[PDB]
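Before any comments, here is the structure.
In what follows, every chain begins at residue 1, and chains take the letters A, B, ... in the order their sequences are listed. The figures that follow rest on heavy atoms only: side chains count, while hydrogens, waters and symmetry mates do not. Just follow the structure's listing: the first ligand is 1, and inside any ligand the first atom is 1.
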2 protein chains.
Amino acid sequence: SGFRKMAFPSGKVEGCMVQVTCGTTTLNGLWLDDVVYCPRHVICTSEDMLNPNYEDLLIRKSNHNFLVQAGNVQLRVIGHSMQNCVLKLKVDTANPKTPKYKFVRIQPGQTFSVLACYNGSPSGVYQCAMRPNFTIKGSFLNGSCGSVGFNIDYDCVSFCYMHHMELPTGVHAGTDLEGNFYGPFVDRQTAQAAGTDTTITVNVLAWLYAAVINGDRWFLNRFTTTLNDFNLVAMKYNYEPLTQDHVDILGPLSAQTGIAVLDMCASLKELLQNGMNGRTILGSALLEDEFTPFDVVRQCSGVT
Amino acid sequence: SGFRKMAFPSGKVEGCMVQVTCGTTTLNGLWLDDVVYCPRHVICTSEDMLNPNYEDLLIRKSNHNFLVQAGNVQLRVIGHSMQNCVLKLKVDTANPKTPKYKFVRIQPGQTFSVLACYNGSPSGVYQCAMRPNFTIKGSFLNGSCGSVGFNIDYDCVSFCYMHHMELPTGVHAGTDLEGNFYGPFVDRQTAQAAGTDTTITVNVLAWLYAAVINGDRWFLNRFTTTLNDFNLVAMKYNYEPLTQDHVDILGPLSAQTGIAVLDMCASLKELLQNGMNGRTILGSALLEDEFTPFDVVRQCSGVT
Ligand SMILES: O=C(Cc1cccc(Cl)c1)Nn1nnc2ccccc21
Ligand SMILES: O=C(Cc1cccc(Cl)c1)Nn1nnc2ccccc21
């Protein structure tokens, strides 16, 4: 028993972290096979960041301007290209520590581990969710750009995020590994609106199921509800509408606890309308939404 | 900016995890140099667990009964000994992935990362604290015994915990790497009292400093207090007494924020006496105590 914000073991990803430098700028890169991936803003100076023409800036750069260092070894850059907001630096040596990997564009509401890095060196690992408004609430300092988010399935690392920027609002934004930003963000120093975020309803239900599995059952009531009645409450409290697809994803948790999804919804409705009354659920005094139903099943079944 | 429960990069420890089997029982072991460390209850059957005489049970076991497997390779056991509550299995092969390491007995209130494992395979990593009552609030399932807790300093892994058991109360208990239990716990299937836990005051103050560094300042008031007046409030709310040593450990955070420690205490006193009024601090609706002042400095400075 017990329920924590658990991240994936980071070893497979730590062996991929490199340092990329272009002139004055130093950030993290991801070395997979003979390609080093990093945010394209590595080629900018602070003056360029206000409104960069990346095609023009990249043209004034040659292979020898990109310093790629893997620990102590300097990698030789034999090619460079821009794919959307990432730079792809072809190097002459394949990473001997390249694990089985995939590049995936995660859906909003899904979770992933972040390996925060500085100067190509890992500092820490934490679990977070892609918010419905395509931002992430991570922990990043200057130098962290190029740190990646990933999931692990058996021995396959699915890279899903690369960190690009922190907006003046404190939100964190970045791209998939093909350089496409999640959300409406652009890699330029301009004020950017993130847009209204919502609570991931299916994730809060999954966490309520984790609470039931872990002995916290105070919030369980003698009531039930319908999807339409529940969604009226969800709309009022800026929660995502619960669909039959979400009910189906919750199936394993419903089967494990013997508590119908709509009965769990009724508990959530009373929790939204009355609050927690100063009580806690899994050590928290607020409804947690950064655990997917898969995260709960994995944590409560022991998937290695 | 941003503040998360960050764990250490786990790679160095993942390369040490092995599977130890003795008859029916399979748990995790830690392979460092030519020694595999694991909980001694690996030699027990369910009947033995009620009241085991470990010396007697270990006598009916020979080197060939301990099956140590590192991934796919079977390790050859050339020696066995019991050191307190751990079994030390001498093997004929030194772990080629042994990092620079130390065995340390952590103090209550300190934090460490846990790499949860099943069958010698890592599943996840999370940060937790050694509670003042020497229990940990982790996330463990059956098979997790032998999973370790550690801290990393530059390239040196300081192993501080090995998981042994979950008590009927849901608490998690274990030993340092010399087999000495943290707390009053014994490795036998008997009901055991954990004893009253307290909130780690110096950790809550460190987290209040993290909140100030990260823009959450609503809780800052026009008041100050003394150590004696604050400790009267701490005693009432089952908080550890704050000492001048704790004030000194908070020095870097006081210098970084320009907020005197006793001024931060006054905010904490009003927070304890009035609650949060439904508001949040760093995404939490309760006072967090599982971040040390060192954790805050590290997370807010980028120590890799
Ligand atoms: O924000 C930037 C640089 C930047 C500026 C303007 C546009 C772009 Cl694409 C990138 N770096 N980052 N990323 N996370 C950070 C956390 C703290 C301090 C700096 C941080
Ligand atoms: O508690 C035991 C076995 C045991 C029983 C009696 C005494 C001793 Cl020393 C050890 N294993 N563990 N450890 N964490 C667990 C979480 C869930 C299920 C089982 C778990």
ask   = If we only count N/O pairs under 3.5 Å, is B/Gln189 in contact with ligand 2?
value = no
Numbering as shown, the atoms of ligand 2 that approach B/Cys145 to under 4.0 Å (heavy-atom distance) = 11 (N), 12 (N), 13 (N)
remark   = If you compare A/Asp187, A/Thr25, A/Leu141 by their heavy atoms, the one closest to atom 20 (C) of ligand 1 turns out to be A/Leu141
note = for atom 6 (C) of ligand 1, nearest protein heavy atom and its distance come out as A/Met49 CE, 3.6 Å
inquiry  = Taking 4.0 Å as the limit for heavy-atom contacts, which would you say applies to A/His172 with ligand 1: side chain only, backbone only, both, or neither?
reply    = neither
inquiry  = Side chain, backbone, both or neither: which applies to B/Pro39 and ligand 2 if a contact is any heavy-atom pair less than 4.0 Å apart?
reply    = neither
inquiry  = Applying side chain to side chain contact (heavy atoms under 4.5 Å, CB included) to B/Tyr118 and A/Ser301, what does each step give before you reach the verdict?
reply    = CA-CA 10 Å; B/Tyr118 302 87; A/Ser301 79; over 6 Å; no
Geometric N/O contact B/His163 with ligand 2, under 3.5 angstrom = yes
message = Please report whether ligand 1 has a polar contact with B/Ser1, defined as an N or O pair separated by less than 3.5 Å (distance criterion only).
response = no
request  = Answer side chain, backbone, both or neither: which part of B/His41 comes under 4.0 Å from ligand 2, heavy atoms only.
outcome  = side chain
B/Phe140: numbered ligand 2 atoms lying under 4.0 Å from its heavy atoms = 16 (C), 17 (C)
request  = Can you pull out the closest protein heavy atom to atom 18 (C) of ligand 1? Residue, atom name and distance to 0.1 Å, please.
outcome  = A/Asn142 N, 3.5 Å
task = Would you confirm whether the ring centroid of B/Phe159 sits within less than 6.0 angstrom of the ring centroid of B/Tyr37?
result = no
key: For A/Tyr161, all residues meeting side chain to side chain donor-acceptor pair (under 3.5 Å), sequence neighbours excluded   = A/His163
message = Does anything in residues 138-148 of chain B form a side-chain hydrogen bond (donor to acceptor under 3.5 Å, both in side chains)? List the pairs, not counting sequence neighbours.
response = A/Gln299-B/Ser139
message = Could you check whether B/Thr26 and B/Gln19, counting side-chain N and O atoms only, form a donor-acceptor pair closer than 3.5 Å?
response = no
task = Decide, yes or no, whether a salt bridge links B/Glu178 with B/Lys88 under the criterion of side-chain N to carboxylate O below 4.0 Å.
result = no
query = Among protein heavy atoms, which sits nearest to atom 1 (O) of ligand 1, and what does the distance come to when rounded to 0.1 Å?
reply = A/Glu166 N, 3.3 Å
query = With a distance cut-off below 6.0 Å to the six-membered ring centre and an angular limit of 45° from the axis, does A/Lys5 pair with B/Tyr126 as a cation-pi contact?
reply = no
